[PDB]
There are 2 protein chains.
Amino acid sequence: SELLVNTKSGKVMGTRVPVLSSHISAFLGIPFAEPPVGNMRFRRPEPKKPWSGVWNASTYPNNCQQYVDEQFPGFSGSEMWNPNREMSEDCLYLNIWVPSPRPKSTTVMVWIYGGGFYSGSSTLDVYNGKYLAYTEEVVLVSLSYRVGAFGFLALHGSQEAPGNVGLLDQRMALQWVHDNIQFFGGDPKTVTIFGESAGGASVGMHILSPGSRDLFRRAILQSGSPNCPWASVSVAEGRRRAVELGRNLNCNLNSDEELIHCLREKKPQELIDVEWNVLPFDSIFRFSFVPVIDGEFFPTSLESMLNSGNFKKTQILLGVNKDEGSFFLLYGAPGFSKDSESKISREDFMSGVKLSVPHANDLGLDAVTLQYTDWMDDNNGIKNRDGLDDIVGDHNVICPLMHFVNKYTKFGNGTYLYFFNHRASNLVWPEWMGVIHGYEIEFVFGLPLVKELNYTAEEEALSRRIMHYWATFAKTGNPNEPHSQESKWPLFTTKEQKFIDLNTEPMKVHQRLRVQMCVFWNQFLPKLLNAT
Amino acid sequence: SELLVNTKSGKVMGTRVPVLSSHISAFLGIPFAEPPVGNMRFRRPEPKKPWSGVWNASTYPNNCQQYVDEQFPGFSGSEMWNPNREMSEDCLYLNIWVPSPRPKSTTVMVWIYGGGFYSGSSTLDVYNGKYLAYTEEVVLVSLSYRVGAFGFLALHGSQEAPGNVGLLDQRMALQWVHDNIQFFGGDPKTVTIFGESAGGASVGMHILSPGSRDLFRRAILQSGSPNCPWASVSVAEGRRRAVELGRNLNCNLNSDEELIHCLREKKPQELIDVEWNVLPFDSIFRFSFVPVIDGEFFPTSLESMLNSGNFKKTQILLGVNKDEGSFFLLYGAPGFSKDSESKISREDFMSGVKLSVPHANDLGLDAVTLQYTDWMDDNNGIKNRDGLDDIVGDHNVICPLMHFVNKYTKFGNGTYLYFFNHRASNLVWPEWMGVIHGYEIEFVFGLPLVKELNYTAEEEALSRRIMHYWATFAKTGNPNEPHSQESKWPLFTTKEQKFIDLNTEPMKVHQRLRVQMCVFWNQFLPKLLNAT
Ligand SMILES: *[C@@H]1O[C@H](CO)[C@@H](O[C@@H]2O[C@H](CO)[C@@H](O[C@@H]3O[C@H](CO)[C@@H](O)[C@H](O[C@H]4O[C@H](CO)[C@@H](O)[C@H](O)[C@@H]4O)[C@@H]3O)[C@H](O)[C@H]2NC(C)=O)[C@H](O)[C@H]1NC(C)=O
Ligand SMILES: *[C@@H]1O[C@H](CO)[C@@H](O[C@@H]2O[C@H](CO)[C@@H](O[C@@H]3O[C@H](CO)[C@@H](O)[C@H](O[C@H]4O[C@H](CO)[C@@H](O)[C@H](O)[C@@H]4O)[C@@H]3O)[C@H](O)[C@H]2NC(C)=O)[C@H](O)[C@H]1NC(C)=O
Ligand SMILES: N[C@@H](Cc1c[nH]c2ccccc12)C(=O)NCCCCCCNc1c2c(nc3cc(Cl)ccc13)CCCC2
Ligand SMILES: N[C@@H](Cc1c[nH]c2ccccc12)C(=O)NCCCCCCNc1c2c(nc3cc(Cl)ccc13)CCCC2
Ligand SMILES: *[C@@H]1O[C@H](CO[C@@H]2O[C@@H](C)[C@@H](O)[C@@H](O)[C@@H]2O)[C@@H](O)[C@H](O)[C@H]1NC(C)=O
C-alpha cells in the first residue's frame, strides 16, 4: 500500500487526504523521541525506542503544554494560533505530507513553528502541509518541540535541566528526517528547514550550531533571526529565571538538584500559571524561557560566531512583514485595542517606548523617541501609533534580521530577501494593525487556494507565486525558474543589498531595507547604552 | 545750517550726501568715547571729553584694529567685509544719517556690526545708512566697538582688563544716542537696536544686561543670538586664553598686573598675528576673544536668565538665512573651495563634523552623523556637502536662535520671525554656498535700489518691502502697516510658532522652523554629552 511505510523505527500507516479535487498521503503523529515525562521533564530528548507493529499515523498528535490565549475568546484571528488538540507533555511528534503517487527522491521542506518559544503547535490549520505538498510535489514535514519552561528552563552545569532542550527536540526530528525521509520519497540531501518568528530564529540557530549544520541543506527564515533580542539569554539570566520560577511555587532553592526535583513534582498548568512572572522588566516582545548561550549548542556568542564565519555556508531566503510590531502593541501596550483605530496620546507613546526598549536608560529612551517622532506634528495619534508599531517591529524583527543578513552574506552561498507588505482582503484584525506578524504564513502554505476561505483571485495568484519561490528555492537554492519569462528575484549582495517586495503588484526591486532605522538600532543605540 | 548741530559733547558739522536723485545729511565719525590707547588698552571705555569748536564729521572714521581676510585677494565678495579705512586703536566713533529736511522726533535705528567679535567696520559700503534713512525717513546710526583681544581680553578680577569692554563700547554709544539723538531729529524713546551675526548676539546681550535695557526700546536680531555657542565663554576660559595669548608673545605670566602691562607694550599687529593660536580646539565658527559671563554685565548664566524672565520685555523681530554654514566650511573645512561644486567625500564629511562640533566626544559625533546622513545614499557628495552646511548653520545659528525665541516669547511683548531664503541673482560666491551668512544685510540696507549694482526689479521690490518691515517695526513694534491690503506677517506665538519666509515669492507662512533638528541640538545632544 502507498500508505504503509517501513522506517528504521517501525512500520507506519498513514491516511489518504483530499486536497483541491485530488488526494495525497499524510502520516500524522509519528514519534521521534521518547515522551519527555516524569524524571525526564527538562532533560535532553532520547531517541524513540523502535516499535514492532504498525504505528497508526492517521490522526494529529497532541500539542505541547503551553500558555493559551484567551484575550479574545471565540475570535478566529486569535484562536487560529492556539492549540487545537489536547495538550500533553507527550508531544514530540512530526507530520508528513507526501504526494500521490509517492515520489522516489524529491525535495523536502521541514517547517518549524513559531510562538515566542512559549507556545506553538505543529497541527494548526494554517500549517496544513497538504496544499504545498500537492502543488509543488514536495514532501512537507512539520515537527514539534517543547516550549516554555519544559523546553527552555536553563540551569547551566546541571545535566538534569541543561537548557536548550527544545532546540534539541527540533534537532532530533531533523535527525529522524535525515535518517528516514527516503522511505517516504524524500531526498535527505535536499532538506530545507523553514520557520516563522521563533521558528525563524530556530532555523538560524541550526545554521549556527555545529551539531545541527549537517542535518539539512538550506534554510528559509521568516520574520525571525537567531540574533533577535528576545530569542536568547545568557546562562546567568537563565539561572536567575529558573530560580525565580522556583520561588513562585514555594520551591526549595538550595541546589539545582533540589529545585529541579521540586519543579518536576508540579503539574504542567502550575508552571504555565506563573511563567510570565519571572521576566526582569516590564516589557513587550520578551519571553521568559528561551534559548541560552551555553558554549555547547552555541560554542560562543552569536555575534562572535557571525563575524568569524562560524556557521553553515549555504543558501538562505528570508524576510519580514511590514508591521511586525502591531500584534504585541495590541496585546501588551496601553492605548491599543482591537475595536478602535487606537490613536495614541503622547503620554501613551512614551509608555510604549519604555515597554518596547526595556533594557534602556533614559538617554536611550530619548534617542529612540527623537528618531521616531515627527516634531512638526507630535500630537497626531495616527503618527504616534504607527511610530510605535515601527519601533517594535524594527527593534525586534527587522533590524536584527538585517544584521544577520549582512553578516551571513559575507560568507554564504546566496541570499534572497523579501519584504511582505500585502494586507489580506479577508483579515479579521483591524486595519491599523496593518500587515501582521504571522500573516504571510497563510500565503506560504497555500490557503488562498481554498475558494471557501474568501481570498481574491490576485491573492490565490500570489500564494501560488510564493509557494513556488519557496519550493523552487528549496529544490535548487534559487527561487527563480531557470529561463522563465517573469522578472527575477535578484540575489542579495553585500554591495547592492537588493530585495523585492512580495504582494499583488508587479514585482519591484529596492535596496537597503530600513537602513536608516537599522543603523540606529544596530550601531548607534547599542553604542549609546555601552558608554552610559 | 541743517548740517551744524549742537550736542552735549560739542557742535558737529556734517555733510550733504546724494542718495537716489535726492540728498540727505550725514554726520560721520562723531566720537563717543576717549580713545582707548596706551594704559587704556583693555580698559572700560571713558566718555569722550567734550570739545569747544566744531567737530568735522564730513568723513568716516578709522576702523578698529582687526584681522584682515586675504584668502581671496581682490575678490569683491570677500573684500566687501574688510576694513575700508586705516585701522587704529583710535576707533570708537559713530555715524548718523539724517533725512532732509531734518525731522523733529522720528524713529531711530542703531546698527551694530557683526564679524565674530574679532572683526567688523561701521564704515563698509554694505552698511551705508543713507538708503534706509532716506526711504523710510529714519535716523540711522551705526556705531563701532573694539573687536578681538582689544575688545574682549578677559582677566576677571582685574579692573585693567575686566573683559566685555567691547560690549561696553556699544553701550556707551547707545548712551550717547539716548542723550543726543534729539538734536538730530531723533526720538530717543523709539530707539531700535539691530544687528547681524555677532551684532545680532550683541543686541540680544543688551536685552539681557540690566545696565543696557533702559537705553533702547526694541530690537532686531539677524542670524545671531546671545546664547550662540561661539558668542561667549566662562571667566575661566577667558582667563586661560588671556594667559595663553601671553605665552605666544614671551610675556611674563606671573600676575594679571604683569601680563597686561606686557600686552599693552605690544604693537596691535603683534596681537592680531597670534590671536587664533589660543583656541582650545581645532574648530570652525569659534572665535578667540568674545564676551564673558562675568556676573557684572551678565549677572548669571544666560540660560538661567532666559528661564526666569530676567531680560528686557519688549518687541523683537529676528531670523535666519537658509545656508548660514557655507561661509565657514569654505574658509575652514577640507573639501570645500570657491571655484568647485565642493562635493564632499565621506572622509571629508566626517572631518567636517569633528570640526563643527569640537566640544563633542565620539558618541556625540556619531549622534550628529546619524542625524544628518541619508543612509540610502551615503556617498552622494552633494548630500554630504549640503548636510555639513546644515550642521554648521543649525548648530551655530538656527537652533540657538530658535531656543532664544521660544524662551523670549514666554515673557515678551511680541516676536516676529523670518527665514530669509533668497539667493541674489548677482552673487559672486558660488552656487553651492546658497543663501549665505550676511547676504540679507544688503537687502536690509537698500542696495538693490541702486541700478548700477545689477539687482533685478523683483529684488529692488523685496529690499523695499524689507526696509519697510524693519522701519515700520522700529516705529510701532509691528512690521505690518495698520490696514494695508497686503498679507500680514503673523506674530510668533508660543502655541503656534509661525514665521514667514522672506523672498521674491508671495509671502508664505509656516510653523516650527527647523524643529526636528533643533530638538536634537537643543535637547538631545546636550543631554547626551552631560551623561557621557
Ligand atoms: C556558491 O558556491 C559555488 C562553489 O562552492 C560557486 O561557484 C563557483 O563560481 C566561481 C566563479 O568565480 C567559479 O570559479 C571559476 O571557475 C572557472 C571554470 O572552472 C575557473 O577557470 C576560474 O578561474 C579563472 O577565471 C577567473 C575569473 O573568474 C580568474 O580569476 C582565474 O585566474 C582564472 O582565469 C574560477 O576558478 C567556480 O568554478 C564555481 N564553482 C562551482 C562548483 O561551480 C558559486 O559562485 C557560489 N555562489 C555564490 C552566490 O556565492
Ligand atoms: C466567507 O464569506 C462569507 C460571506 O461574507 C461568510 O459567511 C458568513 O459567516 C458567518 C459565520 O460566522 C455568518 O454569521 C452567522 O449568521 C447566523 C444567521 O443569521 C447568526 O445566527 C450568527 O449569530 C450567532 O453567532 C454570533 C457570533 O458570530 C453571535 O454573536 C450571535 O449571538 C449568534 O449566536 C452569525 O452572525 C454570516 O451570516 C455569513 N454571511 C453570509 C452573507 O453568508 C463566511 O464565514 C466566510 N468564510 C470564512 C471561512 O471566513
Ligand atoms: N501573556 C500576556 C500577558 C501576561 C503577562 N502575565 C500573564 C499572566 C497570565 C496570563 C497572561 C499574562 C500577553 O501579552 N500575551 C501576548 C501573546 C499571546 C499569544 C498569541 C500568539 N499568537 C500569535 C502568533 C503569531 N501572530 C499573531 C498575531 C496576532 Cl494578531 C495575534 C496572535 C498571534 C505569529 C506566530 C505564532 C503566534
Ligand atoms: N582666520 C582663518 C583661519 C586662521 C587660523 N589661524 C590663523 C592665523 C592667521 C591667519 C588665519 C588663521 C579663518 O578661517 N578665517 C575665516 C574668517 C574670515 C573673515 C571674513 C569675515 N567676512 C564675512 C562676514 C560675513 N559673511 C561673510 C560671508 C562670506 Cl562668503 C565671506 C566673508 C564673510 C557676515 C558677517 C560679517 C563678516
Ligand atoms: C486508526 O485510528 C483512527 C482514528 O483514531 C481515533 O482516535 C483513537 C484514539 C481511537 O479512539 C480510535 O477509535 C479513533 O478512531 C481510526 O479511524 C482508524 O479506524 C484506526 N485505523 C487503524 C488501521 O487502526
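In what follows, every heavy atom counts, from backbone to side chain, and hydrogens, waters and symmetry copies are set aside. Just so you know, ligand 1 is whichever comes first in the structure, and atom 1 is the first atom listed for that ligand. Below, read A as the first sequence line, B as the second, and so on, with proteins coming before strands; counting in each chain starts at 1.
Distance from atom 9 (C) of ligand 4 to its nearest protein heavy atom, with residue and atom name: B/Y67 CE1, 4.1 Å. In terms of protein heavy-atom proximity, atom 25 (C) of ligand 4 is closest to B/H437 O, 3.8 Å. Nearest non-hydrogen protein atom to atom 4 (C) of ligand 5 is A/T59 CG2, 3.8 Å. At the top of the distance list for atom 16 (C) of ligand 4, counting protein heavy atoms only, stands B/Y331 CD2, 3.6 Å. Remark: minimum distance from atom 50 (O) of ligand 1 to any protein heavy atom is reached at A/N413 ND2, 3.2 Å. Closest protein heavy atom to atom 24 (C) of ligand 4: B/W81 CD2, 3.7 Å. Closest to atom 8 (C) of ligand 4, if we only count protein heavy atoms, is B/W276 CD1, 4.1 Å. The nearest protein atom to atom 30 (Cl) of ligand 4, hydrogens excluded, is given as B/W429 CE2, 3.4 Å; this is a heavy-atom distance.
Shown here, atom 6 (C) of ligand 5 is out of close reach of the protein: none of its heavy atoms lies under 4.0 Å off. Note that atom 33 (C) of ligand 1 has no protein non-hydrogen atoms nearby, at separations under 4.0 angstrom. Atom 24 (O) of ligand 5 lies below 4.0 Å from at least one non-hydrogen atom of the protein. Under the 4.0 angstrom criterion, atom 48 (C) of ligand 1 counts as having a protein heavy-atom contact. Protein non-hydrogen atoms do not reach within 4.0 Å of atom 41 (C) of ligand 1. Per-atom contact check: atom 2 (O) of ligand 1 touches the protein, criterion being a heavy-atom distance below 4.0 Å. Protein heavy atoms are absent from the 4.0 Å sphere centred on atom 10 (C) of ligand 5. Atom 13 (C) of ligand 4 is never approached by the protein to below 4.0 angstrom, counting heavy atoms only. Shown here, atom 14 (C) of ligand 5 is out of close reach of the protein: none of its heavy atoms lies under 4.0 Å off. Distance check for atom 20 (C) of ligand 1: every protein heavy atom is found at 4.0 Å or beyond. The presence of a protein heavy atom under 4.0 Å from atom 3 (C) of ligand 4 is ruled out. Closer than 4.0 Å to atom 14 (O) of ligand 1 lies none of the heavy atoms of the protein. Counting only heavy atoms, the protein gets under 4.0 Å from atom 1 (C) of ligand 5.
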Would you please test B/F328 and B/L330 for side-chain contact (heavy atoms from CB on, under 4.5 Å) and show each step? CA-CA 5 Å; B/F328 307 86; B/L330 170 71; over 6 Å; no
B/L143 and B/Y145: CA distance, side-chain angles, deciding distance, side-chain contact (heavy atoms from CB on, under 4.5 Å) verdict: CA-CA 7 Å; B/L143 57 69; B/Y145 60 103; 4.0 Å; yes
Criterion side-chain contact (heavy atoms from CB on, under 4.5 Å) on B/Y455 and B/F443, from CA distance to verdict: CA-CA 10 Å; B/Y455 300 88; B/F443 285 79; 4.2 Å; yes
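Within the 4.5 Å cutoff, side-chain heavy atoms of B/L355 are placed close to those of B/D282. The shortest side-chain heavy-atom distance between A/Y408 and A/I207 falls under the 4.5 Å cut-off.
Counting only distance, with no hydrogens or angles, the side chain of B/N248 and the backbone of B/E244 share a donor-acceptor pair below 3.5 Å. Under the 3.5 Å distance criterion, the side-chain polar atoms of B/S463 are left unmatched by any main-chain donor or acceptor of B/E459. Side-chain atoms of B/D389 do not come within 3.5 Å of backbone N or O of B/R385 as any donor-acceptor pair. A donor-acceptor pair under 3.5 Å is absent between the side-chain atoms of A/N63 and the main chain of A/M87, judged by distance alone.
Distances below 4.0 Å separate heavy atoms of B/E196 from the following atoms of ligand 4: 34 (C), 35 (C). Interface of B/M433 with ligand 4, defined as ligand atoms under 4.0 Å from a residue heavy atom, comprises 30 (Cl). Within ligand 5, the atoms closer than 4.0 Å to a non-hydrogen atom of A/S58 are 1 (C), 2 (O), 3 (C), numbered from 1 in the order shown.
Between B/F117 and B/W230, the ring planes are tilted. Angles from 30° to 60° get that label. Ring planes of B/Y118 and B/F287: tilted class, angle from 30 to 60°.
For ligand 5, one of its N or O atoms has an N or O atom of A/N56 under 3.5 Å away. Checked against a 3.5 angstrom limit, the closest N/O atoms of B/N277 and ligand 4 fall outside it.
Annotation: B/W432 is in aromatic contact with B/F336 [ring centroid separation under 6.0 Å]. If you look at B/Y331 and B/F72, their ring centroids are closer than 6.0 Å.
Using a 4.0 Å cut-off between charged side-chain N and carboxylate O, B/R240 and B/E237 make a salt bridge.
Only the side chain of B/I436 comes within contact range of ligand 4, with a heavy atom under 4.0 Å; no backbone atom does. Of the heavy atoms in B/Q71, none comes closer than 4.0 Å to ligand 4. Contacts with ligand 4 closer than 4.0 Å are made by side-chain heavy atoms of B/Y118 only, the backbone lying farther away.
Cation-pi geometry between A/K48 and A/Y93 is not satisfied (NZ or CZ under 6.0 Å from the ring centre, within 45° of the ring normal). Within the cation-pi definition used here (under 6.0 Å to the ring centroid, within 45° of the axis), B/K338 qualifies as a partner of B/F75. A cation-pi arrangement, defined by a distance under 6.0 Å to the six-membered ring centre and an angle within 45 degrees of its axis, is present between A/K313 and A/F411.
Of the candidates B/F328, B/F327, B/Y113, B/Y439, it is B/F327 that places a heavy atom closest to atom 31 (C) of ligand 4.
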